[PDB]
Amino acid sequence: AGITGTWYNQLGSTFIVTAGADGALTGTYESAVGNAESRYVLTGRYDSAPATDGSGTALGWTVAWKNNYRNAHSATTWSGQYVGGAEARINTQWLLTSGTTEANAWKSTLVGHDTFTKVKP
Amino acid sequence: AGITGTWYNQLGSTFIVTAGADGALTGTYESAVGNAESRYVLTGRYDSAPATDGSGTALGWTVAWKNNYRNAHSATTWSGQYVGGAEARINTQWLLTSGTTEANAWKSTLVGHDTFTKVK
């Protein structure tokens, strides 16, 4: 039980994460969609001492979409919270920013929401 | 890469970052005052081989708002792009999620935008 483990989003992407004692998130992300192939490095942070009132655990992480196979010149950040329970879940909102010219900056950023579970949908 | 160094937003916050050869962003986010109680660990990633057509360099980072002195039970992610030159900028949009109960989850996430420059 906890953040550390292998998670899958509603699209079948694979989020392999370790939550360190210092508040660090490290691991790999493999996307089922987009200009992406195989695993990408991720790093992030999480609240290592969450409230004890029934609230979830805040967290966030980033993937820059460059690996040894492809480079999409873009990065996604997920911001969200881990919710413990019978079926543990990480509920997130995300921003995907692509590198653009100034004239195209208005359309540089996609927004969405991903929910992660330790069971693959 | 032009990213390593100290950046200032439009509201008096400061971050110091190192952009590693491997695409890592590592540093500290603080207030203009810079007292220890206002400093937090920052980590993220950037495109270490951006396009050469005039496009910006995509990047993102996270700060969880816990340090040795306080804990807001929340985390912000900034997603954006670095634009180089004499007037270098990091243009971002951000998401600040607080830990909530499920009944309050609908109001868990704030959204906004920050522009960072190398000058106060």
Side-chain angles (χ1 to χ4, degrees), chain A residues 22-26 29 40-67 71-83 85 89-105 108-111 113, chain B residues 20 22-26 29 40-67 71-83 89-105 108-111 113:
Chain A
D22 59 351
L25 296 180
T26 62
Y29 196 95
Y40 296 80
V41 174
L42 69 93
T43 58
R45 302 289 299 166
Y46 78 104
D47 179 1
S48 63
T52 60
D53 60 1
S55 301
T57 303
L59 51 81
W61 70 95
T62 305
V63 169
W65 297 106
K66 176 184 175 290
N67 68 11
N71 191 349
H73 306 303
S74 63
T76 302
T77 63
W78 290 258
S79 181
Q81 62 180 320
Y82 163 90
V83 180
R89 195 169 286 269
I90 301 173
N91 293 321
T92 72
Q93 301 272 356
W94 53 259
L95 296 170
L96 164 54
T97 306
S98 300
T100 67
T101 60
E102 189 49 59
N104 290 330
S108 65
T109 310
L110 292 164
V111 61
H113 50 100
Chain B
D22 61 341
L25 298 176
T26 312
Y29 198 95
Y40 303 82
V41 174
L42 173 155
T43 188
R45 303 286 298 166
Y46 76 105
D47 179 4
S48 60
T52 57
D53 61 358
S55 297
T57 300
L59 82 179
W61 68 90
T62 304
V63 173
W65 300 108
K66 170 186 184 293
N67 60 25
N71 191 351
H73 305 305
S74 62
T76 301
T77 63
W78 290 255
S79 185
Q81 56 183 317
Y82 158 86
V83 182
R89 299 274 183 281
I90 304 176
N91 296 320
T92 72
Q93 301 188 83
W94 55 255
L95 295 167
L96 163 51
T97 306
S98 301
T100 66
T101 62
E102 286 301 286
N104 294 316
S108 66
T109 312
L110 292 163
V111 62
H113 46 270

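Protein chains get the first letters and strands the later ones, always in sequence-line order, with residue 1 at the start of each.
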Using heavy-atom distances under 4.5 Å, tell me whether [X] contacts chain B through its side chain, its backbone, both, or neither.
X: A:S98; value: backbone
X: A:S48; value: both
X: A:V111; value: neither
X: A:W94; value: backbone
X: A:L95; value: both

If we count only N and O atoms by modelled type, under 3.5 Å, do the side chains of B:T77 and A:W78 hold a donor and an acceptor together?
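No - no donor-acceptor pair under 3.5 Å links their side chains.
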Do A:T109 and B:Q93 get their side chains close enough for a donor-acceptor pair, meaning under 3.5 Å?
yes
With chain A as the partner, which of [options] has the greatest number of non-hydrogen pairs under 4.5 Å?
options: B:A51, B:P50, B:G54; answer: B:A51
options: B:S74, B:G23, B:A75; answer: B:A75
options: B:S108, B:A72, B:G80; answer: B:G80

Is there a side-chain contact between B:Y40 and B:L42 (heavy atoms, below 4.5 Å)?
no
Part of B:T101 within contact of chain A (heavy atom distance under 4.5 Å)
both
Full working for side-chain hydrogen bond (donor to acceptor under 3.5 Å, both in side chains) between A:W61 and B:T62:
CA-CA 6 Å; A:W61 70 95; B:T62 304; over 6 Å; no
Apply side-chain hydrogen bond (donor to acceptor under 3.5 Å, both in side chains) to residues A:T97 and B:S79 and explain how you reach the verdict.
CA-CA 6 Å; A:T97 306; B:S79 185; 2.8 Å; yes
Quick check for you: among A:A64, A:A24, A:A105, which has the greatest number of heavy-atom pairs under 4.5 Å with chain B?
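Result: the option with the highest number of such pairs is A:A64.
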Starting at OH of B:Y82, measure out to CD1 of B:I90 and round the result to the nearest 0.5 Å.
8.0 Å
Taking A:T43 for the side chain and B:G44 for the main chain, is one N or O donor matched with an acceptor at less than 3.5 Å?
yes
